[PDB]
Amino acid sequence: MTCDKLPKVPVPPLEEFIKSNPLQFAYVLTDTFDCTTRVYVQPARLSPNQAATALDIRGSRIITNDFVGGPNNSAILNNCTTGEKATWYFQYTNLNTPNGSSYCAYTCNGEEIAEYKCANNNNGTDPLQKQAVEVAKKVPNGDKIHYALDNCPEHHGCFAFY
């Protein structure tokens, strides 16, 4: 019912995310992650810290965050343009089923949800994603969570990018 008490499933192995690539966010909190494609990237072989990278792609715009495991099934993100950190958790994951992948992740501002990302690669047909959104929408600030794929730009021959 409040953000700090939401579920926190274990972060799947990185390989499970990469096998899901690319995804799209079906539901998000702020406007930032509307009409967005997610790509996960393994650490560079010469990276000293071996952090993976999450790519949030909206047309010609890209938002990049290295991330690593933290306590309590957290993912600690480092914004690659600013160096600021954010602590994220997974409400649920359901990766690489025979009907594809979905998950919902979130980051808190105390008892408020500061951001929400529900990703899938199956046109939003995972029944888990429905249940999860309904729960998160009732958390403080979660009234803002909305469907993120209405009236997105037209494509020019590519399926996942525009």
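Each residue number is its position in the shown sequence, starting from 1.
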query	finding
Mean Cα B-factor comparison, 17-25 or 146-154, giving the higher one as deposited	146-154
Mean Cα B-factor comparison, 53-61 or 106-114, giving the higher one as deposited	106-114
Highest recorded Cα temperature factor - choice among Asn96, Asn123, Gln42, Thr36	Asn123
Ranked against its chain, the third holding the CA B-factor of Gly69	middle
Cα B factor band for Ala119 (lowest, middle or highest third within the chain)	lowest
Chain thirds of CA B-factor: placement of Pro48	highest
Modelled-residue ranking by C-alpha temperature factor, third containing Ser101	lowest
